[PDB]
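A.B. asks: If you scroll down you'll find the structure; I have some questions about it.
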Protein chains: 2
Amino acid sequence: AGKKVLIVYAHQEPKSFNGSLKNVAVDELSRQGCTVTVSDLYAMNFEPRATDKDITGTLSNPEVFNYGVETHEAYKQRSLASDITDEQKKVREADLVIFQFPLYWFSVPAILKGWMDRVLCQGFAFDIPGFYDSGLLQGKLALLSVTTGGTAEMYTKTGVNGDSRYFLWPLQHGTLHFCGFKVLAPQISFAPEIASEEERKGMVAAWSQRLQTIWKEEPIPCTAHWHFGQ
Amino acid sequence: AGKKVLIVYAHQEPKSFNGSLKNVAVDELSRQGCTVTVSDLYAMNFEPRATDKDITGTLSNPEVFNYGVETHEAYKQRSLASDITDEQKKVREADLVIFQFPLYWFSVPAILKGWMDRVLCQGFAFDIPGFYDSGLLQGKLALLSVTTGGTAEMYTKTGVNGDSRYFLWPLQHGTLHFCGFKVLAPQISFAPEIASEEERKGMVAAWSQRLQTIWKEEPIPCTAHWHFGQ
Ligand SMILES: Cc1cc2nc3c(=O)[nH]c(=O)nc-3n(C[C@H](O)[C@H](O)[C@H](O)COP(=O)(O)OP(=O)(O)OC[C@H]3O[C@@H](n4cnc5c(N)ncnc54)[C@H](O)[C@@H]3O)c2cc1C
Ligand SMILES: Cc1cc2nc3c(=O)[nH]c(=O)nc-3n(C[C@H](O)[C@H](O)[C@H](O)COP(=O)(O)OP(=O)(O)OC[C@H]3O[C@@H](n4cnc5c(N)ncnc54)[C@H](O)[C@@H]3O)c2cc1C
Ligand SMILES: COc1ccc2[nH]cc(CCNC(C)=O)c2c1
Ligand SMILES: COc1ccc2[nH]cc(CCNC(C)=O)c2c1
Ligand SMILES: [Zn+2]
Ligand SMILES: [Zn+2]
């Protein structure tokens with residue numbers, strides 16, 4: 001209600017189920033009085049590739065290009081490409097970052113993987129040392145709102161695809177927790193293409209419903225046990 | 001007769017450790033008499049975004065764009081973009097596909113995620129019921145040759161990053177095994193940037209040596225147990 005939210009959205013079609021989930025999030029968070037910003041990656045033609053065009057100043061080592069080293073320096077020097085710094089400003093100001101996307105190969109679509117690769121650079125999102133619980137984005141919350149082609153049953157320990165929490169590991173732990181985020185439970189909307197119109201409406205309303213009390217939620221314990229068990 | 005190998009390579013710098021690993025694989029497999037092809041993604045400025053430009057001609061439903069449906073239809077109608085079909089031909093002809101890349105956020109760099117998203121389309125790499133053990137690329141071998149920033153110790157069951165098999169899941173099981181590939185054990189070159197010059201030349205040498213008997217190797221048992229179990 002007195003918070004800022006950044007929604008990083010990755011779907012090509014406004015009329016899609018992902019489009020609906022993104023829109024209801026904007027509607028509900030706005031109704032609450034929150035400040036809301038959406039980075040619609042495909043509409044922005046967001047650059048996913050990590051290249052030397054991401055640094056505009058003199059390279060530290062112009063003979064052997066190392067993306068991590070050069071972007072870390074460029075961040076400190078303020079010589080990163082502006083599309084990257086534009087996103088960093090949104091993240092810096094946000095209290096909560098919601099990622100809205102369809103699962104592609106049990107991960108994020110490449111345009112969103114590119115956002116992770118390029119925006120969460122050393123110096124901004126983490127440092128060495130300064131990761132996991134000491135990540136630079138500590139104090140901020142993050143939530144993955146994903147949609148799948150597979151059904152919930154397929155995403156179980158005994159299902160063909162295994163438990164859904166397994167594929168969340170690189171994203172929730174390896175990325176968000178690594179950067180210091182407290183991770184809220186994922187919103188997983190299963191197989192909307194298969195579901196009925198009513199079921200679809202039900203999944204949208206369940207997300208809107210959850211958002212009504214999102215600020216009262218506790219984050220998940222982002223650990224190997226939560227993700228894998230035993 | 002002999003064997004064909006496709007190396008999908010994702011690094012910006014020819015002089016990099018990844019570059020050396022790619023070059024030694026070409027050298028050794030070429031020496032053995034194998035047919036070798038390399039898709040140098042950054043040099044090709046490979047497009048990572050899944051968009052409507054991936055279909056030439058007219059869409060099956062230009063009212064509501066569904067990437068999966070549209071690319072499935074385009075594959076069947078021979079209407080996919082040429083960058084995608086060029087890669088599919090290389091995959092179709094290959095007996096082994098080696099992916100050479102540095103680990104970015106517990107996964108592949110976005111440009112390689114884009115190759116995965118755009119090249120491995122329904123109808124080409126999988127279908128109903130062609131998936132996992134019956135995936136359409138059955139008969140082919142696949143192998144991940146990854147370099148990391150974190151030490152082998154950090155990637156232990158109780159290490160801060162967790163076991164490496166944890167992040168391998170979405171790639172080995174969710175992607176490669178899903179498409180029918182028999183997955184060979186991953187080649188992990190841990191923290192080459194911190195290692196000594198000789199430890200480095202050592203890691204390169206180990207990879208070249210392993211490649212000497214790559215065709216005698218047996219595919220790992222790609223299962224939830226292999227990745228998380230004991
Ligand atoms: C490259 C690629 C890789 C993939 N890999 C995976 C994977 O690893 N695992 C997996 O499980 N899936 C995978 N998928 C499938 C993908 O995750 C699903 O297609 C996606 O999650 C469905 O989301 P959508 O928004 O596109 O659905 P839509 O096609 O939009 O379908 C949802 C339906 O809901 C309707 N709808 C929209 N808004 C509303 C509303 N407000 N109320 C009611 N109905 C509404 C739509 O019109 C539509 O008919 C992959 C897809 C691609 C293209
Ligand atoms: C966006 C991003 C996200 C990342 N996320 C992760 C992550 O999730 N997990 C993680 O662990 N790390 C992560 N990293 C780190 C990354 O995985 C490592 O930086 C990368 O794997 C190192 O490989 P390289 O080829 O770039 O090394 P290089 O720096 O190119 O090479 C290391 C050294 O080897 C030397 N060398 C090259 N060839 C040879 C040879 N033939 N013999 C001897 N010496 C040689 C080089 O000159 C150099 O000094 C991330 C990096 C970035 C930029
Ligand atoms: C990995 O498992 C799945 C499961 C359900 C799915 N539905 C659709 C796709 C992929 C469709 N991509 C293209 C480019 O055509 C898919 C993959
Ligand atoms: C997990 O996320 C990341 C992201 C960008 C990165 N750059 C470099 C490293 C690892 C290098 N650290 C040590 C001391 O082993 C890294 C990790
Ligand atoms: Zn965690
Ligand atoms: Zn498997």
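Here's how to read the names in the structure tokens: chain A, B, ... by the order shown, residue numbers from 1 in each chain, ligand numbers from 1 in the order shown.
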Please, which residues in chain A fall within 9 Å of ligand 1 when counting only C-alpha atoms and all ligand atoms, and what is the closest atom pair and distance in Å to one decimal for each, ordered by chain then residue number, as a Markdown table?
C.D. replies:
| residue | atom | partner | partner_atom_place_in_ligand_line | distance |
| --- | --- | --- | --- | --- |
| A:11 | CA | ligand 1 | 25 (O) | 7.1 |
| A:12 | CA | ligand 1 | 26 (O) | 8.4 |
| A:13 | CA | ligand 1 | 30 (O) | 7.7 |
| A:14 | CA | ligand 1 | 38 (N) | 8.8 |
| A:15 | CA | ligand 1 | 37 (C) | 5.9 |
| A:16 | CA | ligand 1 | 30 (O) | 3.4 |
| A:17 | CA | ligand 1 | 37 (C) | 3.5 |
| A:18 | CA | ligand 1 | 25 (O) | 3.9 |
| A:19 | CA | ligand 1 | 25 (O) | 6.5 |
| A:20 | CA | ligand 1 | 38 (N) | 4.7 |
| A:21 | CA | ligand 1 | 41 (N) | 7.2 |
| A:23 | CA | ligand 1 | 41 (N) | 8.7 |
| A:24 | CA | ligand 1 | 41 (N) | 8.3 |
| A:101 | CA | ligand 1 | 21 (O) | 7.4 |
| A:102 | CA | ligand 1 | 21 (O) | 3.9 |
| A:103 | CA | ligand 1 | 17 (O) | 4.0 |
| A:104 | CA | ligand 1 | 5 (N) | 3.5 |
| A:105 | CA | ligand 1 | 8 (O) | 3.2 |
| A:106 | CA | ligand 1 | 8 (O) | 3.6 |
| A:107 | CA | ligand 1 | 8 (O) | 6.6 |
| A:108 | CA | ligand 1 | 8 (O) | 8.9 |
| A:109 | CA | ligand 1 | 1 (C) | 7.2 |
| A:110 | CA | ligand 1 | 1 (C) | 9.0 |
| A:146 | CA | ligand 1 | 21 (O) | 7.0 |
| A:147 | CA | ligand 1 | 21 (O) | 3.9 |
| A:148 | CA | ligand 1 | 21 (O) | 3.5 |
| A:149 | CA | ligand 1 | 12 (N) | 3.5 |
| A:150 | CA | ligand 1 | 11 (O) | 3.7 |
| A:151 | CA | ligand 1 | 11 (O) | 7.1 |
| A:154 | CA | ligand 1 | 11 (O) | 8.4 |
| A:155 | CA | ligand 1 | 11 (O) | 8.2 |
| A:161 | CA | ligand 1 | 11 (O) | 8.0 |
| A:189 | CA | ligand 1 | 21 (O) | 7.9 |
| A:190 | CA | ligand 1 | 21 (O) | 7.5 |
| A:191 | CA | ligand 1 | 21 (O) | 6.4 |
| A:192 | CA | ligand 1 | 32 (C) | 4.4 |
| A:193 | CA | ligand 1 | 31 (O) | 4.0 |
| A:194 | CA | ligand 1 | 32 (C) | 7.7 |
| A:195 | CA | ligand 1 | 33 (C) | 7.6 |
| A:196 | CA | ligand 1 | 44 (N) | 8.0 |
| A:197 | CA | ligand 1 | 44 (N) | 5.2 |
| A:198 | CA | ligand 1 | 43 (C) | 6.9 |
| A:199 | CA | ligand 1 | 43 (C) | 7.6 |
| A:200 | CA | ligand 1 | 43 (C) | 4.5 |
| A:201 | CA | ligand 1 | 42 (N) | 4.2 |
| A:202 | CA | ligand 1 | 42 (N) | 7.8 |
| A:203 | CA | ligand 1 | 42 (N) | 8.0 |
| A:204 | CA | ligand 1 | 41 (N) | 6.2 |
| A:205 | CA | ligand 1 | 41 (N) | 8.6 |
A.B. asks: Which RMSD value, in Å, follows from superposing chain B onto chain A on all C-alpha atoms in order by least squares?
C.D. replies: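 So the superposition leaves a C-alpha RMSD of 0.7 Å.
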A.B. asks: Segment 73-209 of chain A: which residues are strand (DSSP E) by DSSP, as a ChimeraX atom specification?
C.D. replies: /A:96-102,141-147,182-183,187-189
A.B. asks: Can I get the selected residues back with N, CA and C atoms, as a tab-separated table (two decimals), in the first residue's frame?
C.D. replies:
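Once written, out37.tsv looks like this:
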chain	number	residue	atom	x	y	z
A	96	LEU	N	9.37	-5.08	-4.04
A	96	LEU	CA	9.01	-6.43	-4.48
A	96	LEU	C	9.21	-6.53	-6.00
A	97	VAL	N	9.83	-7.62	-6.45
A	97	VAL	CA	9.98	-7.85	-7.88
A	97	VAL	C	9.28	-9.13	-8.22
A	98	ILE	N	8.29	-9.02	-9.09
A	98	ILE	CA	7.53	-10.18	-9.54
A	98	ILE	C	7.99	-10.52	-10.95
A	99	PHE	N	8.28	-11.80	-11.20
A	99	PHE	CA	8.65	-12.23	-12.56
A	99	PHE	C	7.46	-13.01	-13.09
A	100	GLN	N	6.92	-12.57	-14.23
A	100	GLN	CA	5.75	-13.24	-14.82
A	100	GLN	C	6.17	-13.86	-16.14
A	101	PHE	N	6.10	-15.19	-16.24
A	101	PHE	CA	6.56	-15.82	-17.46
A	101	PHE	C	6.11	-17.25	-17.61
A	102	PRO	N	6.08	-17.73	-18.86
A	102	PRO	CA	5.71	-19.12	-19.15
A	102	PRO	C	7.02	-19.91	-18.98
A	141	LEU	N	12.01	-8.22	-1.73
A	141	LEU	CA	11.30	-9.48	-1.94
A	141	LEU	C	11.23	-9.82	-3.44
A	142	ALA	N	11.18	-11.11	-3.77
A	142	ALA	CA	11.05	-11.52	-5.17
A	142	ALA	C	10.07	-12.69	-5.23
A	143	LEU	N	9.34	-12.79	-6.34
A	143	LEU	CA	8.35	-13.86	-6.49
A	143	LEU	C	8.30	-14.30	-7.94
A	144	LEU	N	8.34	-15.62	-8.18
A	144	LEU	CA	8.21	-16.14	-9.53
A	144	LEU	C	6.73	-16.55	-9.76
A	145	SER	N	6.08	-15.96	-10.77
A	145	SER	CA	4.71	-16.32	-11.12
A	145	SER	C	4.90	-16.98	-12.48
A	146	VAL	N	4.82	-18.30	-12.49
A	146	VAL	CA	5.05	-19.06	-13.69
A	146	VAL	C	3.80	-19.76	-14.20
A	147	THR	N	3.80	-20.07	-15.49
A	147	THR	CA	2.71	-20.85	-16.07
A	147	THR	C	3.40	-22.06	-16.72
A	182	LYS	N	14.70	-11.96	-0.55
A	182	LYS	CA	13.93	-12.89	0.28
A	182	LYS	C	12.93	-13.35	-0.80
A	183	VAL	N	12.76	-14.65	-0.94
A	183	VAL	CA	11.88	-15.22	-1.95
A	183	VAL	C	10.54	-15.65	-1.40
A	187	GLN	N	4.12	-18.63	-7.53
A	187	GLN	CA	2.74	-18.77	-7.94
A	187	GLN	C	2.84	-19.63	-9.19
A	188	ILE	N	2.35	-20.87	-9.14
A	188	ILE	CA	2.43	-21.69	-10.34
A	188	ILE	C	1.03	-21.97	-10.87
A	189	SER	N	0.76	-21.49	-12.08
A	189	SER	CA	-0.54	-21.69	-12.72
A	189	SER	C	-0.34	-22.81	-13.72
A.B. asks: Measuring between only C-alpha atoms, which one of B:77, B:61, B:138, B:45 shows the shortest distance to chain A?
C.D. replies: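 The shortest atom-to-atom distance to chain A comes from B:45.
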A.B. asks: Quick one: everything within 10 Å of segment 225-229 of chain A, counting only C-alpha atoms, minus sequence neighbours fewer than 5 positions away in the same chain. Send it as a ChimeraX atom specification.
C.D. replies: /A:157,163-169,172-173,220 /B:166,228-229
A.B. asks: Would you mind exporting the chosen residues as an mmCIF file, in the first residue's frame, restricted to N, CA and C atoms?
C.D. replies:
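Result file follows (part-v5.cif):
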data_model
loop_
_atom_site.group_PDB
_atom_site.id
_atom_site.type_symbol
_atom_site.label_atom_id
_atom_site.label_comp_id
_atom_site.auth_asym_id
_atom_site.auth_seq_id
_atom_site.Cartn_x
_atom_site.Cartn_y
_atom_site.Cartn_z
ATOM 1 N N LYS A 157 6.919 -35.541 -7.473
ATOM 2 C CA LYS A 157 8.067 -36.430 -7.296
ATOM 3 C C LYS A 157 7.928 -37.689 -8.151
ATOM 4 N N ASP A 163 9.170 -33.097 -9.293
ATOM 5 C CA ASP A 163 8.533 -32.042 -8.509
ATOM 6 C C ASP A 163 8.886 -30.652 -9.048
ATOM 7 N N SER A 164 7.888 -29.771 -9.065
ATOM 8 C CA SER A 164 8.046 -28.407 -9.554
ATOM 9 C C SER A 164 9.155 -27.658 -8.835
ATOM 10 N N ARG A 165 9.340 -27.927 -7.543
ATOM 11 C CA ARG A 165 10.383 -27.221 -6.811
ATOM 12 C C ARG A 165 11.787 -27.518 -7.346
ATOM 13 N N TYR A 166 11.968 -28.669 -7.986
ATOM 14 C CA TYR A 166 13.287 -28.979 -8.520
ATOM 15 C C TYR A 166 13.770 -27.931 -9.535
ATOM 16 N N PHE A 167 12.918 -27.579 -10.493
ATOM 17 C CA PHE A 167 13.321 -26.600 -11.510
ATOM 18 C C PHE A 167 13.363 -25.173 -10.957
ATOM 19 N N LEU A 168 12.827 -24.962 -9.760
ATOM 20 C CA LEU A 168 12.874 -23.605 -9.211
ATOM 21 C C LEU A 168 14.248 -23.295 -8.626
ATOM 22 N N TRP A 169 15.047 -24.326 -8.359
ATOM 23 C CA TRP A 169 16.350 -24.130 -7.718
ATOM 24 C C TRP A 169 17.332 -23.093 -8.299
ATOM 25 N N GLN A 172 15.277 -19.549 -7.919
ATOM 26 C CA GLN A 172 15.071 -19.060 -6.550
ATOM 27 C C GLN A 172 16.340 -19.010 -5.723
ATOM 28 N N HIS A 173 17.098 -20.097 -5.725
ATOM 29 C CA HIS A 173 18.310 -20.115 -4.950
ATOM 30 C C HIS A 173 19.543 -19.527 -5.652
ATOM 31 N N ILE A 220 9.911 -17.982 1.778
ATOM 32 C CA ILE A 220 10.147 -19.407 1.998
ATOM 33 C C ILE A 220 11.562 -19.580 2.506
ATOM 34 N N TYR B 166 22.184 -30.553 -8.990
ATOM 35 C CA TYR B 166 20.982 -29.776 -8.729
ATOM 36 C C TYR B 166 20.702 -28.805 -9.881
ATOM 37 N N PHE B 228 19.388 -35.760 -7.609
ATOM 38 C CA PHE B 228 19.201 -35.393 -6.205
ATOM 39 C C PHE B 228 19.429 -36.550 -5.232
ATOM 40 N N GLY B 229 19.011 -37.748 -5.638
ATOM 41 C CA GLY B 229 19.144 -38.928 -4.797
ATOM 42 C C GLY B 229 20.542 -39.307 -4.337
#
A.B. asks: Neighbouring residues of ligand 3 are defined here as those with any atom at most 7 Å from a ligand atom, counting only C-alpha atoms and all ligand atoms; list them as a ChimeraX atom specification.
C.D. replies: /A:104-106,149-150 /B:67-69,71-72,117-122,174-175,178
A.B. asks: Taking only C-alpha atoms and all ligand atoms into account, report as a PyMOL selection string which residues have an atom no farther than 6 Å from an atom of ligand 5.
C.D. replies: chain A and resi 173+177+222-223
A.B. asks: Can you tell me, as a ChimeraX atom specification, what residues are no more than 12 Å from residue 140 of chain A when counting only C-alpha atoms, ignoring any on the same chain fewer than 6 positions away?
C.D. replies: /A:3-6,91-98,125,133,176-177,179-184,215,219
A.B. asks: List as a list in words the protein and nucleic acid residues near segment 29-41 of chain A, meaning an atom at most 8 Å away when only C-alpha atoms are counted, but skip any in the same chain fewer than 5 places from it.
C.D. replies: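 What passes the distance filter is residues 1, 2, 3, 4, 5, 6, 7, 8, 9, 10, 11, 46, 90, 111, 112, 211 and 212 of chain A.
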A.B. asks: May I have the selected residues written with N, CA and C atoms, as a PDB file, in the first residue's frame?
C.D. replies:
ATOM      1  N   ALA A   1       0.846  -1.234   0.000  1.00  0.00           N
ATOM      2  CA  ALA A   1       0.000   0.000   0.000  1.00  0.00           C
ATOM      3  C   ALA A   1       0.866   1.263   0.000  1.00  0.00           C
ATOM      4  N   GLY A   2       2.108   1.104   0.457  1.00  0.00           N
ATOM      5  CA  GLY A   2       3.090   2.181   0.514  1.00  0.00           C
ATOM      6  C   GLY A   2       4.392   1.491   0.130  1.00  0.00           C
ATOM      7  N   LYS A   3       4.303   0.758  -0.970  1.00  0.00           N
ATOM      8  CA  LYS A   3       5.410  -0.033  -1.476  1.00  0.00           C
ATOM      9  C   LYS A   3       5.522   0.131  -2.979  1.00  0.00           C
ATOM     10  N   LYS A   4       6.708  -0.165  -3.507  1.00  0.00           N
ATOM     11  CA  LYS A   4       6.957  -0.106  -4.945  1.00  0.00           C
ATOM     12  C   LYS A   4       7.127  -1.541  -5.460  1.00  0.00           C
ATOM     13  N   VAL A   5       6.493  -1.848  -6.587  1.00  0.00           N
ATOM     14  CA  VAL A   5       6.555  -3.175  -7.193  1.00  0.00           C
ATOM     15  C   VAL A   5       7.019  -3.077  -8.647  1.00  0.00           C
ATOM     16  N   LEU A   6       7.968  -3.934  -9.020  1.00  0.00           N
ATOM     17  CA  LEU A   6       8.442  -4.030 -10.406  1.00  0.00           C
ATOM     18  C   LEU A   6       7.984  -5.392 -10.891  1.00  0.00           C
ATOM     19  N   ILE A   7       7.303  -5.423 -12.035  1.00  0.00           N
ATOM     20  CA  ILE A   7       6.892  -6.707 -12.599  1.00  0.00           C
ATOM     21  C   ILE A   7       7.749  -6.873 -13.847  1.00  0.00           C
ATOM     22  N   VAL A   8       8.542  -7.944 -13.929  1.00  0.00           N
ATOM     23  CA  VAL A   8       9.367  -8.170 -15.123  1.00  0.00           C
ATOM     24  C   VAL A   8       8.551  -9.257 -15.842  1.00  0.00           C
ATOM     25  N   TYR A   9       8.033  -8.880 -17.006  1.00  0.00           N
ATOM     26  CA  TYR A   9       7.080  -9.676 -17.767  1.00  0.00           C
ATOM     27  C   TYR A   9       7.635 -10.167 -19.084  1.00  0.00           C
ATOM     28  N   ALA A  10       7.477 -11.466 -19.352  1.00  0.00           N
ATOM     29  CA  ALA A  10       8.032 -12.066 -20.561  1.00  0.00           C
ATOM     30  C   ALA A  10       7.053 -12.924 -21.354  1.00  0.00           C
ATOM     31  N   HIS A  11       6.167 -12.266 -22.090  1.00  0.00           N
ATOM     32  CA  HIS A  11       5.253 -12.991 -22.974  1.00  0.00           C
ATOM     33  C   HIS A  11       5.007 -12.103 -24.174  1.00  0.00           C
ATOM     34  N   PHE A  46      13.916  -6.165 -25.538  1.00  0.00           N
ATOM     35  CA  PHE A  46      15.043  -6.237 -24.627  1.00  0.00           C
ATOM     36  C   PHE A  46      16.200  -7.125 -25.136  1.00  0.00           C
ATOM     37  N   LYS A  90      14.992   0.518 -11.723  1.00  0.00           N
ATOM     38  CA  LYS A  90      13.680  -0.034 -11.354  1.00  0.00           C
ATOM     39  C   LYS A  90      13.807  -1.020 -10.205  1.00  0.00           C
ATOM     40  N   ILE A 111      14.696 -14.324 -23.257  1.00  0.00           N
ATOM     41  CA  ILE A 111      14.746 -12.866 -23.148  1.00  0.00           C
ATOM     42  C   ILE A 111      14.813 -12.463 -21.671  1.00  0.00           C
ATOM     43  N   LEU A 112      14.144 -13.233 -20.827  1.00  0.00           N
ATOM     44  CA  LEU A 112      14.192 -12.972 -19.381  1.00  0.00           C
ATOM     45  C   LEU A 112      15.520 -13.508 -18.793  1.00  0.00           C
ATOM     46  N   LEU A 211      -2.661 -11.720  -4.038  1.00  0.00           N
ATOM     47  CA  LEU A 211      -2.021 -10.409  -4.016  1.00  0.00           C
ATOM     48  C   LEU A 211      -2.642  -9.468  -2.991  1.00  0.00           C
ATOM     49  N   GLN A 212      -3.910  -9.693  -2.659  1.00  0.00           N
ATOM     50  CA  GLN A 212      -4.568  -8.859  -1.663  1.00  0.00           C
ATOM     51  C   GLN A 212      -3.827  -8.869  -0.333  1.00  0.00           C
TER      52      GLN A 212
END
A.B. asks: Point out the residue among B:60, B:85, B:230, B:213 with the least atom-to-atom distance to chain A, counting only C-alpha atoms.
C.D. replies: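 Smallest distance to chain A is found for B:230.
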A.B. asks: Using DSSP secondary structure from the backbone, list all alpha helix (DSSP H) positions within segment 34-101 of chain B, as JSON, numbers by chain.
C.D. replies: {"B": [67, 68, 69, 70, 71, 72, 73, 74, 75, 76, 82, 83, 84, 85, 86, 87, 88, 89, 90, 91, 92, 93]}
A.B. asks: Save out the residues we just selected, N, CA and C atoms, as a PDB file, in the first residue's frame.
C.D. replies:
ATOM      1  N   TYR B  67       3.439 -18.875 -29.424  1.00  0.00           N
ATOM      2  CA  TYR B  67       4.716 -19.311 -29.983  1.00  0.00           C
ATOM      3  C   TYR B  67       4.858 -20.822 -30.208  1.00  0.00           C
ATOM      4  N   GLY B  68       4.508 -21.622 -29.206  1.00  0.00           N
ATOM      5  CA  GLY B  68       4.634 -23.070 -29.343  1.00  0.00           C
ATOM      6  C   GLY B  68       3.783 -23.625 -30.482  1.00  0.00           C
ATOM      7  N   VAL B  69       2.527 -23.195 -30.529  1.00  0.00           N
ATOM      8  CA  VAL B  69       1.638 -23.669 -31.592  1.00  0.00           C
ATOM      9  C   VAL B  69       2.140 -23.192 -32.951  1.00  0.00           C
ATOM     10  N   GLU B  70       2.461 -21.909 -33.054  1.00  0.00           N
ATOM     11  CA  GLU B  70       2.929 -21.387 -34.321  1.00  0.00           C
ATOM     12  C   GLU B  70       4.207 -22.038 -34.839  1.00  0.00           C
ATOM     13  N   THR B  71       5.157 -22.327 -33.953  1.00  0.00           N
ATOM     14  CA  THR B  71       6.387 -22.935 -34.412  1.00  0.00           C
ATOM     15  C   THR B  71       6.203 -24.414 -34.720  1.00  0.00           C
ATOM     16  N   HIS B  72       5.255 -25.059 -34.043  1.00  0.00           N
ATOM     17  CA  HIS B  72       4.980 -26.469 -34.323  1.00  0.00           C
ATOM     18  C   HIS B  72       4.416 -26.531 -35.762  1.00  0.00           C
ATOM     19  N   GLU B  73       3.452 -25.660 -36.065  1.00  0.00           N
ATOM     20  CA  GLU B  73       2.838 -25.629 -37.396  1.00  0.00           C
ATOM     21  C   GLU B  73       3.851 -25.240 -38.450  1.00  0.00           C
ATOM     22  N   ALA B  74       4.696 -24.256 -38.142  1.00  0.00           N
ATOM     23  CA  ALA B  74       5.693 -23.814 -39.111  1.00  0.00           C
ATOM     24  C   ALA B  74       6.690 -24.923 -39.411  1.00  0.00           C
ATOM     25  N   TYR B  75       7.044 -25.709 -38.402  1.00  0.00           N
ATOM     26  CA  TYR B  75       7.990 -26.802 -38.627  1.00  0.00           C
ATOM     27  C   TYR B  75       7.376 -27.776 -39.642  1.00  0.00           C
ATOM     28  N   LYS B  76       6.124 -28.126 -39.409  1.00  0.00           N
ATOM     29  CA  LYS B  76       5.421 -29.057 -40.282  1.00  0.00           C
ATOM     30  C   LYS B  76       5.218 -28.489 -41.680  1.00  0.00           C
ATOM     31  N   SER B  82      15.140 -19.230 -41.371  1.00  0.00           N
ATOM     32  CA  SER B  82      16.316 -19.990 -41.768  1.00  0.00           C
ATOM     33  C   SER B  82      17.386 -20.153 -40.689  1.00  0.00           C
ATOM     34  N   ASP B  83      17.527 -19.205 -39.759  1.00  0.00           N
ATOM     35  CA  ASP B  83      18.535 -19.425 -38.720  1.00  0.00           C
ATOM     36  C   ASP B  83      18.168 -20.661 -37.898  1.00  0.00           C
ATOM     37  N   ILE B  84      16.876 -20.852 -37.635  1.00  0.00           N
ATOM     38  CA  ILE B  84      16.407 -22.016 -36.906  1.00  0.00           C
ATOM     39  C   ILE B  84      16.583 -23.293 -37.735  1.00  0.00           C
ATOM     40  N   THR B  85      16.147 -23.276 -38.993  1.00  0.00           N
ATOM     41  CA  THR B  85      16.277 -24.496 -39.786  1.00  0.00           C
ATOM     42  C   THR B  85      17.731 -24.885 -40.045  1.00  0.00           C
ATOM     43  N   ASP B  86      18.618 -23.894 -40.133  1.00  0.00           N
ATOM     44  CA  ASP B  86      20.037 -24.169 -40.320  1.00  0.00           C
ATOM     45  C   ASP B  86      20.542 -24.963 -39.093  1.00  0.00           C
ATOM     46  N   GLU B  87      20.145 -24.531 -37.894  1.00  0.00           N
ATOM     47  CA  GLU B  87      20.563 -25.242 -36.695  1.00  0.00           C
ATOM     48  C   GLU B  87      19.926 -26.634 -36.632  1.00  0.00           C
ATOM     49  N   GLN B  88      18.670 -26.761 -37.035  1.00  0.00           N
ATOM     50  CA  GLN B  88      18.015 -28.063 -36.971  1.00  0.00           C
ATOM     51  C   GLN B  88      18.702 -29.070 -37.882  1.00  0.00           C
ATOM     52  N   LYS B  89      19.168 -28.608 -39.043  1.00  0.00           N
ATOM     53  CA  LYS B  89      19.854 -29.520 -39.952  1.00  0.00           C
ATOM     54  C   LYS B  89      21.139 -30.011 -39.291  1.00  0.00           C
ATOM     55  N   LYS B  90      21.859 -29.109 -38.621  1.00  0.00           N
ATOM     56  CA  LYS B  90      23.077 -29.551 -37.961  1.00  0.00           C
ATOM     57  C   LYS B  90      22.780 -30.576 -36.850  1.00  0.00           C
ATOM     58  N   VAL B  91      21.686 -30.367 -36.123  1.00  0.00           N
ATOM     59  CA  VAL B  91      21.311 -31.270 -35.047  1.00  0.00           C
ATOM     60  C   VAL B  91      20.853 -32.611 -35.621  1.00  0.00           C
ATOM     61  N   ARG B  92      20.039 -32.542 -36.659  1.00  0.00           N
ATOM     62  CA  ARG B  92      19.523 -33.759 -37.310  1.00  0.00           C
ATOM     63  C   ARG B  92      20.660 -34.675 -37.764  1.00  0.00           C
ATOM     64  N   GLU B  93      21.690 -34.091 -38.367  1.00  0.00           N
ATOM     65  CA  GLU B  93      22.812 -34.881 -38.858  1.00  0.00           C
ATOM     66  C   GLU B  93      23.829 -35.323 -37.800  1.00  0.00           C
TER      67      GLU B  93
END
